[PDB]
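Inspection log for the structure reproduced underneath, given as structure tokens.
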Amino acid sequence: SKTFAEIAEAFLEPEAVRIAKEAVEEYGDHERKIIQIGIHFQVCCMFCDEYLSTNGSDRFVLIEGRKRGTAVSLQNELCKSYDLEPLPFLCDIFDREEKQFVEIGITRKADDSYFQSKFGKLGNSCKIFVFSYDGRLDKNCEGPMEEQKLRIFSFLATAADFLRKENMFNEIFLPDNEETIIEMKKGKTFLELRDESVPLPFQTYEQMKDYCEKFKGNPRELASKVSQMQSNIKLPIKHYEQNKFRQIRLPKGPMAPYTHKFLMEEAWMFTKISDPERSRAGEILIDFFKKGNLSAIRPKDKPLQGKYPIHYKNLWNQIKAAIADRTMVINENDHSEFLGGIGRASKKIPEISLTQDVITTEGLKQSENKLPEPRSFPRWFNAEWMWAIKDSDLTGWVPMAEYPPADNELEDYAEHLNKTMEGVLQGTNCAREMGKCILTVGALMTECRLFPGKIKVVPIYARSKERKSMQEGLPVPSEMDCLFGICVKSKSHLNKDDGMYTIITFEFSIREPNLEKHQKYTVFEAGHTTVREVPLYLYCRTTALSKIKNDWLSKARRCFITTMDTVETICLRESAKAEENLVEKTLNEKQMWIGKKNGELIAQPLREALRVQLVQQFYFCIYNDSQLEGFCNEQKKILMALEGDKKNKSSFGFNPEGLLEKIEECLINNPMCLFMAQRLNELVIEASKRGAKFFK
Amino acid sequence: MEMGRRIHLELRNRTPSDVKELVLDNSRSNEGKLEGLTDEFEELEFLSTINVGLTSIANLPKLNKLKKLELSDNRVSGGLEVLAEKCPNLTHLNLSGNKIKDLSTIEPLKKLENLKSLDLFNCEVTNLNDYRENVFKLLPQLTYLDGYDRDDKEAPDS
Amino acid sequence: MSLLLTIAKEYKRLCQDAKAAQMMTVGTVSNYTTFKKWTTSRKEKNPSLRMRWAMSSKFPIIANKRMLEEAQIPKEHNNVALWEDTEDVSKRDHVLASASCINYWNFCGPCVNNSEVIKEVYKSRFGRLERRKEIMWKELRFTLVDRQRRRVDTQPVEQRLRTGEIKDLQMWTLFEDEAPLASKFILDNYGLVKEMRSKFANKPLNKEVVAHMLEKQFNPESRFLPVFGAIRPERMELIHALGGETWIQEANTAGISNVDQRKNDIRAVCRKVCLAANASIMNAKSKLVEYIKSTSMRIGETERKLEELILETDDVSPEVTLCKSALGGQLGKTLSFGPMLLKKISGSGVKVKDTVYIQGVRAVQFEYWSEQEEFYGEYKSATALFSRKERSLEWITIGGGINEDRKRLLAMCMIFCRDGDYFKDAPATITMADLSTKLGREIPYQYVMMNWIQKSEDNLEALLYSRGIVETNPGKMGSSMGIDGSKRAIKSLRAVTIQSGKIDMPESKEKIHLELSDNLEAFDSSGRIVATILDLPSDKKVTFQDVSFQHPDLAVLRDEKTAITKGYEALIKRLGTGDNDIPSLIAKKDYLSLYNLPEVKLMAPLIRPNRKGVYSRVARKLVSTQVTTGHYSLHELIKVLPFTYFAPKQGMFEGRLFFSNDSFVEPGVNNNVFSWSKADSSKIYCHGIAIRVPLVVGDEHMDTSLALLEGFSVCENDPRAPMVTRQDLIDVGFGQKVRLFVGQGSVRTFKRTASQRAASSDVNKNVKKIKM
RNA sequence: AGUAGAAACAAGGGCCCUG
């Protein structure tokens, strides 16, 4: 249906299509008229109807489909034989019985214009029948037989339905005799512009068109120009083996500081036996506060480090007062105002109310954008990773759904592998953070949605399940509610997408604070805690969140999919090369290098490197930014070069130094990027012992 | 078609009070429920409803002059006590082709003292042992059964 | 009712305004579509976040108001908010509510009489479940599956139709009062429309949903996917749970929703007609068209015309391609060369003749293209990506899985490109008897060589030997093919690479018109021969079931049953409109005239003369009972009118009405000699021959709006005639004019006289005259 | 105060409303 002929073939018989096509080609007119002319011919045929005369011979003789040359020959032959006067113009059918011609016409408009014009041209000489698509007949003589009318008018109705459906029932496709010249209505201005947008050597669209319509190929000149451009360029080609990749340069300065909202390693938590009835956030916080361990906290005036202590102490006291009243709404005071920035939003000044005097009175200059500053590699990230790769003395940290039934072996295999991986992955500490993020952000999302304009108090909590020992001892292990800390959210009046809303986080600890790492926080020694007794430290941050970070953190559970895919991408591949179920053996045995220790390469099975993969995906969720995006997008080239080195493929490049420059430009104040780059350099170093293409 | 239009068609301007016969065969009735009948039909003496996807008798008005009924090809089951109140002057009934399981459903017909002939063919009840006799002993007034009297006496044409 | 008055008052209020009046008055109704877009324009960037943000709110669902009041749904069942009086800003006829309300409605709301209708609405998905329940899963294994990327269909569908045909199906199964003027398809396939109509009539349903679901029901979802193993819609719908690149879940799915046997039967029939219509040298094409038009076949319950099936099908096979060409159907850009498949990726060329001496000196011209040309190829369980250049095979890369198929593909490809010395100097064995004119038609050299290779394996080995053999260089051992299609050897065919993994099938959504010559040679707007009759199986005998070859030459029955069938056709040919015909006589209760109709007089001799009188009495009686009461079965009337010619007599009626040929018809029960069904009341099966009855008058079973559509026709507009309802069409007199609203925004004039002559015949005849 | 980036937020509209 890409060309008109198919659209005519949809209802018209293909023969009339071919006829009208040949006719259009002979005239040389557009083929858009294949639709009208074909219709004109089919009527004529179905007009004839194979009727006969008194002598048992054919009655009607067609003249239309015939070529132009033979049309006037048959016309004159008939005008002569029956002794008739020759007509000036051509006709469509010659009724023998009545010895007179019959013209046919078809006008879309239900009006007598076409009939009047045709009659005026032909007068009353012969019989004219002006059919219409919507059932109207205009003639100058007796009407045709009933059957002829019924067949013509039914065909025309169907045709008009099938045109109106396709938006082709217009003057364009069905014009009358006069309106046969459609053309873009060229306006004075459009031409004035077209004659101005022409390339330089030409000065009028006419010259450009005349030069382009006749353009001929001269490969000698084209080659000469190509060679002249190939000589004045000197495109550099650099095989890496000769020109090696210098080590990535990392910036210099102070250590990158902790930035994630919720403490992972340090955070100290309080557990309480699960109550199904009281499962709500506020109810859980009330239950935890009532035992009385929480009420012991009484921070000292002087913090170990940090700034703005008094505000934090006041807000902690107000939170405790709130719970006792069982109303988690904070009043607007100086401390909450300063921490929440309720009123530190610049007031817009109109320009019409401006003058040089106002500019002088208060400085006015374009904001001097203070781009980020450079921070050196963090030496503490490895410790967080190693700790996050250990069990948490509990399981069931993150919520997962149930396993459905099974019918075929494939589902049983999928469910066994998933069960093994979920068992491995539910015991770590990273997964504890997955649960803490999902639950805390869910609660904070449902508070900011319901109670904006109220500086609510939301806990930082999670739910878990004590491990399963042997049948000995207490069976049927119980559940547990954990309380890592407490949060609050200043007014979350999120009028627009990707908003901004300051929050504040109090979290417990039993560890001394590092100056370099815990720069963000403002710790407060808080009495003692049992396990024997141990000192306490209350880490009070003032972070900020948005809608998008909330929605995505509440969907950190994605990491399971990616890690599972990678692990089963390795296991199915290893099993296929041997055509046997090799998954358990692959998981238990396959050793995956995960670091160095004492100048040697450590290795551990896959079953324990799933944890490393999971931490990688979780940290990608946490520290995602533009920097990490650009970096992880631009480091692939180096890995591809590594692969080329492994397989003796003589890779090459055009300007690698610029690539390294681009990379080192996007390494700023984001621990993950810097750590990953340092590892990438150590990798290329370790591989240089068994490979090439890298400098020391 | 539909009983409503079918009836309105059969009634060529005739009032529903002077007819003596009616036919509704090869139509459909929503919910297998009659629709359009009332007590206006008084002179009615015959009725025929065949293959209309019928399953019950609940909207049946009161018809006294009715003396012959036909419900073949449907799936009626259970409702047979209305006949003692709406059509007490009934004599001929036919149910071949309907869902009938036991005899307890048939017992009410004893109250139709005007009953003469009954027609049960292709029903589950027919697949029992000594059923013609048990029915005859239940409905003594009856003489003809499925077109055959006791001793297999073929009944006349009409 | 009062609702009607409300609609009229609303229209009045709308017209009282000025702007609404302008927009309604000007133009046609199509503007509605346009107006349907300027309203309710609002999208959202991240829908997930918006939905999660919204759901937290107390009342995240807009809902109807009056329906809630009617259903006695209170605002709070038990200290739980459900809705509050308010108006949605955009709609202005809805009230906010919460999701909890659905649960309440689900557990104690209004209950409908029956919800089994959903099983018909989503018949596709229930079919999916039923098919899935019959799969015996065997055993997961692991191995590197070879997958080929090819276009396939992923939905088993019966009676696949086009978008144009389907649109009428929705209108004619749900909205009949607003149906457009009757199309050809609706008249032809009236059993399907009746079957769909019955299920969804007098039912409480959202009509739009049902229409959309029927649209999906009739759409075979074609996708370009990786594939392994057999190709069947039953598998492709769940291929995701059968195997990937590294694993395979074996399963036996052969006996579910067989869709391949009907495609096979259609191709067999096309082969049979193409081989029949080669006898007429001068007018093979016209004979072919007539042969196709006068044939049909049964699909499930319905009987469909072969011409429409060929148009709908997508079998890219040489048999179907020629037939599609003759009818005028456009088809895919897919060549053929014997039992092989091809697809031109690139290149060009132009015919160039060259001589070949068959034996000693016997010049025979053969045409060869002259340009570089890449070609995908496909033989059974093998594929290739070859290229040619100026009468030379430049290279061929094969990725099949079998040796025999590989050799056959290579040989047919070499032949395709007319490479090798043999084309220069023909083999000694081939003779002039086989060269050409098996039945008076010349056979070019290439097809001669193709037949030669098929005749004997030794010729094939010689041909492959013609291509140079070299020594397998080191390393290339794996990418080499011997004479026995070995994966590797010490000596191998020149420039014949071999690899593992099927060559991915190309794709192109193009439609090329192609004609055909008097010798059934399909040209395609250029020299190329897409297909011919010399690439089909020689011949074979088959017993086709549920098919109708209603043509004299294509018939095996004797003069007796043919005569009876012709007589019944003639009797059904007087069922058309106009006075002195069966329907008009029935309306005038003039049953007596039926006994003297010409066709009964012609058919009377057949009737068994010994007891003609007794049969005549019974059939002459039944008609009266049917005629007088007004309750009649048109089919029984047609069945028993042949017997009403003779004078009644006296005698005992056993039960069957015999002819003079020991064939009877029992009055009421369908049998082979005469059959029909209440489902499809527009077919009469006489000795397994389908006789279409025109739709000029309804019957008690068939009665509906459709059974009269053929009778009516359009005529010159007359404003005097009355404007009637669609239902009253049944009561109008024959040869009486009447105005009628049709479809949307169309008022026409219909006259109850059937005038639908064959259009194809008249055009063909007139056009042939232009060539004299 | 804080977020993050190469600019924006740190409520906005009319004593009252809203994402």
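Chain lettering (A, B, ...) mirrors the order of the structure tokens, residue numbering begins at 1 for each chain separately, and ligand numbering begins at 1 in order of display.
Using only C-alpha atoms, we find that the part of chain B lying within 8 Å of chain C comprises residues 1, 25, 26, 27 and 30 of chain B.
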What does the file look like for those residues with C-alpha atoms, as a PDB file, in the first residue's frame?
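Saved result, selection.pdb, follows:
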```
ATOM      1  CA  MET B   1     -34.427 -13.494  17.358  1.00  0.00           C
ATOM      2  CA  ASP B  25     -40.136 -21.485  18.402  1.00  0.00           C
ATOM      3  CA  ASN B  26     -36.487 -20.952  17.457  1.00  0.00           C
ATOM      4  CA  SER B  27     -36.024 -17.738  19.428  1.00  0.00           C
ATOM      5  CA  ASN B  30     -32.660 -13.712  28.216  1.00  0.00           C
TER       6      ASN B  30
END
```
Could you list, as a PyMOL selection string, the residues of chain A having an atom within 8 Å of chain C when counting only C-alpha atoms?
-> chain A and resi 9+13-16+42+45-46+49-50+62+65-66+134-137+147+149-151+153-154+158+408-410+446+449-450+548+551+572-573+575-581
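Within 12 Å of residue 509 (chain A), once only C-alpha atoms (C1' of nucleotides) are used and residues closer than 3 positions along the same chain are dropped, the contacting residues are residues 262, 263, 264, 265, 266, 267, 268, 269, 270, 484, 485, 506, 512, 513, 521, 523, 524, 525, 526, 527, 528, 529, 534, 535, 536, 537, 538, 539 and 540 of chain A.
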Generate a file of the selected residues that holds N, CA and C atoms, formatted as a PDB file, in the first residue's frame.
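That gives us out.pdb:
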```
ATOM      1  N   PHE A 262      23.554   7.047  55.913  1.00  0.00           N
ATOM      2  CA  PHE A 262      23.477   6.151  57.059  1.00  0.00           C
ATOM      3  C   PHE A 262      24.807   5.456  57.309  1.00  0.00           C
ATOM      4  N   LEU A 263      25.316   5.575  58.534  1.00  0.00           N
ATOM      5  CA  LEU A 263      26.565   4.917  58.885  1.00  0.00           C
ATOM      6  C   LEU A 263      26.411   3.411  58.723  1.00  0.00           C
ATOM      7  N   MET A 264      27.460   2.754  58.230  1.00  0.00           N
ATOM      8  CA  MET A 264      27.440   1.310  58.031  1.00  0.00           C
ATOM      9  C   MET A 264      28.254   0.586  59.097  1.00  0.00           C
ATOM     10  N   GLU A 265      29.570   0.788  59.121  1.00  0.00           N
ATOM     11  CA  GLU A 265      30.435   0.022  60.013  1.00  0.00           C
ATOM     12  C   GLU A 265      30.246   0.428  61.472  1.00  0.00           C
ATOM     13  N   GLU A 266      30.341   1.726  61.758  1.00  0.00           N
ATOM     14  CA  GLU A 266      30.336   2.197  63.139  1.00  0.00           C
ATOM     15  C   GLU A 266      28.989   2.003  63.827  1.00  0.00           C
ATOM     16  N   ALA A 267      27.891   2.210  63.106  1.00  0.00           N
ATOM     17  CA  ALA A 267      26.578   2.339  63.729  1.00  0.00           C
ATOM     18  C   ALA A 267      26.276   1.198  64.690  1.00  0.00           C
ATOM     19  N   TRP A 268      25.818   1.562  65.886  1.00  0.00           N
ATOM     20  CA  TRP A 268      25.457   0.621  66.936  1.00  0.00           C
ATOM     21  C   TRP A 268      23.940   0.609  67.066  1.00  0.00           C
ATOM     22  N   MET A 269      23.363  -0.582  67.209  1.00  0.00           N
ATOM     23  CA  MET A 269      21.919  -0.756  67.150  1.00  0.00           C
ATOM     24  C   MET A 269      21.355  -1.422  68.401  1.00  0.00           C
ATOM     25  N   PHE A 270      20.069  -1.157  68.634  1.00  0.00           N
ATOM     26  CA  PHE A 270      19.290  -1.738  69.721  1.00  0.00           C
ATOM     27  C   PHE A 270      18.204  -2.636  69.145  1.00  0.00           C
ATOM     28  N   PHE A 484      18.782   1.503  64.457  1.00  0.00           N
ATOM     29  CA  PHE A 484      20.122   2.038  64.268  1.00  0.00           C
ATOM     30  C   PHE A 484      20.207   3.470  64.777  1.00  0.00           C
ATOM     31  N   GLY A 485      19.173   4.258  64.528  1.00  0.00           N
ATOM     32  CA  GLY A 485      19.129   5.613  65.024  1.00  0.00           C
ATOM     33  C   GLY A 485      17.773   6.245  64.798  1.00  0.00           C
ATOM     34  N   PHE A 506      20.447  11.295  63.566  1.00  0.00           N
ATOM     35  CA  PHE A 506      21.156  10.921  64.774  1.00  0.00           C
ATOM     36  C   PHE A 506      21.383   9.417  64.731  1.00  0.00           C
ATOM     37  N   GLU A 512      35.619   5.456  68.375  1.00  0.00           N
ATOM     38  CA  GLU A 512      36.185   6.791  68.324  1.00  0.00           C
ATOM     39  C   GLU A 512      36.070   7.334  66.900  1.00  0.00           C
ATOM     40  N   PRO A 513      35.755   8.618  66.736  1.00  0.00           N
ATOM     41  CA  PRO A 513      35.629   9.187  65.388  1.00  0.00           C
ATOM     42  C   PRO A 513      36.970   9.599  64.792  1.00  0.00           C
ATOM     43  N   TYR A 521      30.040  14.525  60.360  1.00  0.00           N
ATOM     44  CA  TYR A 521      29.310  14.355  61.604  1.00  0.00           C
ATOM     45  C   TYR A 521      29.838  15.245  62.727  1.00  0.00           C
ATOM     46  N   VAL A 523      29.889  14.406  66.564  1.00  0.00           N
ATOM     47  CA  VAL A 523      29.655  13.376  67.574  1.00  0.00           C
ATOM     48  C   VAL A 523      29.477  13.976  68.969  1.00  0.00           C
ATOM     49  N   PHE A 524      28.772  13.222  69.822  1.00  0.00           N
ATOM     50  CA  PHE A 524      28.519  13.588  71.216  1.00  0.00           C
ATOM     51  C   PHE A 524      28.615  12.345  72.089  1.00  0.00           C
ATOM     52  N   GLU A 525      29.610  12.292  72.971  1.00  0.00           N
ATOM     53  CA  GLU A 525      29.696  11.184  73.914  1.00  0.00           C
ATOM     54  C   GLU A 525      28.413  11.104  74.734  1.00  0.00           C
ATOM     55  N   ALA A 526      27.812   9.911  74.797  1.00  0.00           N
ATOM     56  CA  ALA A 526      26.482   9.738  75.386  1.00  0.00           C
ATOM     57  C   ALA A 526      26.473   8.585  76.398  1.00  0.00           C
ATOM     58  N   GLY A 527      27.047   8.827  77.569  1.00  0.00           N
ATOM     59  CA  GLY A 527      26.959   7.849  78.648  1.00  0.00           C
ATOM     60  C   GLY A 527      27.669   6.537  78.371  1.00  0.00           C
ATOM     61  N   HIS A 528      26.923   5.446  78.538  1.00  0.00           N
ATOM     62  CA  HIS A 528      27.460   4.093  78.507  1.00  0.00           C
ATOM     63  C   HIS A 528      26.397   3.158  77.950  1.00  0.00           C
ATOM     64  N   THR A 529      26.825   1.971  77.526  1.00  0.00           N
ATOM     65  CA  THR A 529      25.883   0.963  77.061  1.00  0.00           C
ATOM     66  C   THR A 529      26.358  -0.435  77.426  1.00  0.00           C
ATOM     67  N   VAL A 534      30.218  -0.152  77.914  1.00  0.00           N
ATOM     68  CA  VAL A 534      31.049   0.434  76.863  1.00  0.00           C
ATOM     69  C   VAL A 534      30.672   1.901  76.682  1.00  0.00           C
ATOM     70  N   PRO A 535      31.622   2.786  76.383  1.00  0.00           N
ATOM     71  CA  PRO A 535      31.269   4.178  76.089  1.00  0.00           C
ATOM     72  C   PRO A 535      30.392   4.270  74.852  1.00  0.00           C
ATOM     73  N   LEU A 536      29.771   5.434  74.680  1.00  0.00           N
ATOM     74  CA  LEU A 536      28.895   5.681  73.547  1.00  0.00           C
ATOM     75  C   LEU A 536      29.365   6.926  72.802  1.00  0.00           C
ATOM     76  N   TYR A 537      28.865   7.092  71.577  1.00  0.00           N
ATOM     77  CA  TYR A 537      29.154   8.271  70.764  1.00  0.00           C
ATOM     78  C   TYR A 537      27.994   8.513  69.808  1.00  0.00           C
ATOM     79  N   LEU A 538      27.373   9.687  69.911  1.00  0.00           N
ATOM     80  CA  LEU A 538      26.160  10.021  69.165  1.00  0.00           C
ATOM     81  C   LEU A 538      26.489  10.877  67.937  1.00  0.00           C
ATOM     82  N   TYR A 539      26.505  10.245  66.761  1.00  0.00           N
ATOM     83  CA  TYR A 539      26.879  10.850  65.479  1.00  0.00           C
ATOM     84  C   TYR A 539      25.689  11.592  64.870  1.00  0.00           C
ATOM     85  N   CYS A 540      25.706  12.930  64.930  1.00  0.00           N
ATOM     86  CA  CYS A 540      24.604  13.779  64.464  1.00  0.00           C
ATOM     87  C   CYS A 540      24.916  14.516  63.155  1.00  0.00           C
TER      88      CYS A 540
END
```
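One distance worth recording is that between CA of residue 75 (chain A) and CA of residue 93 (chain A), which is 9.8 Å.
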Could you pull the residues within 10 Å of region 129-134 of chain B, counting only C-alpha atoms (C1' of nucleotides), minus those fewer than 6 positions along the same chain, as number ranges by chain?
-> B: 103, 120, 145-146, 149-150
Could you write those residues out with N, CA, C and O atoms, as a compact mmCIF listing (two decimals), in the first residue's frame?
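Here's the written file result08.txt:
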```
# COMPACT_ATOMS: atom_id res chain seq x y z
N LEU B 103 -38.29 -38.15 40.58
CA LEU B 103 -39.74 -38.10 40.50
C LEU B 103 -40.34 -37.05 41.42
O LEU B 103 -41.41 -36.51 41.12
N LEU B 120 -42.66 -37.65 28.23
CA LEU B 120 -41.30 -37.61 28.77
C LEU B 120 -40.41 -38.51 27.93
O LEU B 120 -40.53 -39.74 27.98
N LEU B 145 -49.13 -41.62 27.95
CA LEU B 145 -47.77 -41.31 28.36
C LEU B 145 -46.86 -41.39 27.14
O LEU B 145 -46.72 -42.46 26.54
N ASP B 146 -46.26 -40.26 26.77
CA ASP B 146 -45.38 -40.17 25.61
C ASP B 146 -46.09 -40.56 24.33
O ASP B 146 -45.45 -40.96 23.35
N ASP B 149 -50.73 -45.17 25.79
CA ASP B 149 -51.45 -45.52 27.00
C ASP B 149 -50.97 -46.87 27.53
O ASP B 149 -50.26 -47.61 26.85
N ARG B 150 -51.35 -47.17 28.77
CA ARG B 150 -51.13 -48.50 29.32
C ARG B 150 -51.51 -49.56 28.30
O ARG B 150 -52.50 -49.41 27.58
```
Neighbouring residues of residue 324 (chain C) were defined as those with any atom within 8 Å, considering only C-alpha atoms (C1' of nucleotides); residues of the same chain fewer than 6 positions away were excluded. Please report them as a compact mmCIF listing (two decimals) with N, CA, C and O atoms, in the first residue's frame.
```
# COMPACT_ATOMS: atom_id res chain seq x y z
N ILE C 310 -5.50 -17.25 -0.11
CA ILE C 310 -4.19 -17.00 -0.72
C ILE C 310 -3.73 -15.58 -0.45
O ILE C 310 -2.55 -15.33 -0.20
N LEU C 311 -4.65 -14.62 -0.50
CA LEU C 311 -4.29 -13.24 -0.22
C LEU C 311 -3.83 -13.07 1.22
O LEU C 311 -2.87 -12.33 1.49
N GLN C 330 0.06 -8.32 -3.92
CA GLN C 330 1.46 -7.97 -3.75
C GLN C 330 2.10 -8.95 -2.77
O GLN C 330 1.45 -9.48 -1.88
N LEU C 331 3.40 -9.17 -2.95
CA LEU C 331 4.08 -10.21 -2.19
C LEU C 331 5.51 -9.79 -1.87
O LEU C 331 6.03 -8.80 -2.38
```
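Using only C-alpha atoms (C1' of nucleotides), the smallest distance between any of A:187, A:435, A:363, A:341 and chain D comes from A:341.
We find CA of residue 490 (chain C) and CA of residue 467 (chain C) to be spaced 16.3 Å apart.
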Skip region 107-110 of chain B itself and residues of its chain fewer than 2 positions away, then list as a compact mmCIF listing (two decimals) with N, CA and C atoms, in the first residue's frame all residues within 8 Å of it, counting only C-alpha atoms (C1' of nucleotides).
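New file out_29.txt:
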```txt
# COMPACT_ATOMS: atom_id res chain seq x y z
N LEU B 80 -42.45 -27.19 38.77
CA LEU B 80 -43.63 -27.83 38.20
C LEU B 80 -44.85 -27.71 39.11
N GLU B 81 -44.82 -26.82 40.10
CA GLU B 81 -45.97 -26.60 40.97
C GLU B 81 -46.80 -25.40 40.56
N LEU B 83 -48.00 -24.91 37.83
CA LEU B 83 -49.03 -25.35 36.90
C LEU B 83 -50.36 -25.59 37.61
N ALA B 84 -50.31 -26.00 38.88
CA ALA B 84 -51.54 -26.22 39.63
C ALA B 84 -52.30 -24.94 39.91
N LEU B 103 -38.29 -38.15 40.58
CA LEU B 103 -39.74 -38.10 40.50
C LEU B 103 -40.34 -37.05 41.42
N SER B 104 -39.68 -36.75 42.54
CA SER B 104 -40.18 -35.73 43.46
C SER B 104 -40.50 -34.43 42.74
N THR B 105 -39.76 -34.12 41.67
CA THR B 105 -40.05 -32.92 40.89
C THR B 105 -41.37 -33.06 40.14
N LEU B 112 -53.16 -31.41 39.06
CA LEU B 112 -53.80 -31.09 37.79
C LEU B 112 -54.82 -32.19 37.46
N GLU B 113 -55.97 -32.10 38.12
CA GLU B 113 -57.01 -33.11 37.91
C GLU B 113 -57.45 -33.19 36.46
N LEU B 138 -48.61 -42.82 40.44
CA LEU B 138 -48.58 -41.51 41.06
C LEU B 138 -49.69 -40.61 40.53
N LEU B 139 -49.85 -40.56 39.20
CA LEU B 139 -50.87 -39.74 38.55
C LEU B 139 -51.97 -40.64 38.00
```
Using only C-alpha atoms (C1' of nucleotides), determine which residues lie at most 12 Å from residue 156 (chain C), disregarding the query and same-chain residues fewer than 4 positions distant; provide the list as a ChimeraX atom specification.
-> /C:123-125,127-128,131,152,160,216-222,231-238,256-260
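One finds CA of residue 261 (chain C) at 19.2 Å from CA of residue 339 (chain C).
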Considering only C-alpha atoms (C1' of nucleotides), give me a table of residues in chain A that are at most 7 Å from chain D, with the closest atom pair and distance in Å for each, as JSON lines.
```
{"residue": "A:338", "atom": "CA", "partner": "D:1", "partner_atom": "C1'", "distance": 6.4}
{"residue": "A:339", "atom": "CA", "partner": "D:1", "partner_atom": "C1'", "distance": 5.9}
{"residue": "A:341", "atom": "CA", "partner": "D:10", "partner_atom": "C1'", "distance": 6.5}
{"residue": "A:344", "atom": "CA", "partner": "D:10", "partner_atom": "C1'", "distance": 6.7}
{"residue": "A:345", "atom": "CA", "partner": "D:10", "partner_atom": "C1'", "distance": 5.7}
{"residue": "A:493", "atom": "CA", "partner": "D:11", "partner_atom": "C1'", "distance": 5.3}
{"residue": "A:494", "atom": "CA", "partner": "D:19", "partner_atom": "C1'", "distance": 6.3}
{"residue": "A:495", "atom": "CA", "partner": "D:19", "partner_atom": "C1'", "distance": 5.1}
{"residue": "A:499", "atom": "CA", "partner": "D:9", "partner_atom": "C1'", "distance": 6.4}
{"residue": "A:500", "atom": "CA", "partner": "D:9", "partner_atom": "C1'", "distance": 5.4}
{"residue": "A:502", "atom": "CA", "partner": "D:2", "partner_atom": "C1'", "distance": 6.7}
{"residue": "A:542", "atom": "CA", "partner": "D:2", "partner_atom": "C1'", "distance": 6.7}
{"residue": "A:543", "atom": "CA", "partner": "D:2", "partner_atom": "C1'", "distance": 6.2}
{"residue": "A:544", "atom": "CA", "partner": "D:3", "partner_atom": "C1'", "distance": 5.6}
```
Using backbone DSSP assignments, extract all alpha helix (DSSP H) residues from region 291-401 of chain C; output them as a PyMOL selection string.
-> chain C and resi 291-293+306-312+318-327
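Every residue of region 434-620 of chain C with a DSSP assignment of strand (DSSP E or B), taken from the backbone, is listed as residues 469, 470, 471, 491, 492, 493, 496, 497, 498, 512, 523, 529, 547, 548 and 607 of chain C.
Nearest-residue note for residue 144 (chain A): choosing from A:612, A:159, A:48, A:71, the minimum distance belongs to A:48, counting only C-alpha atoms.
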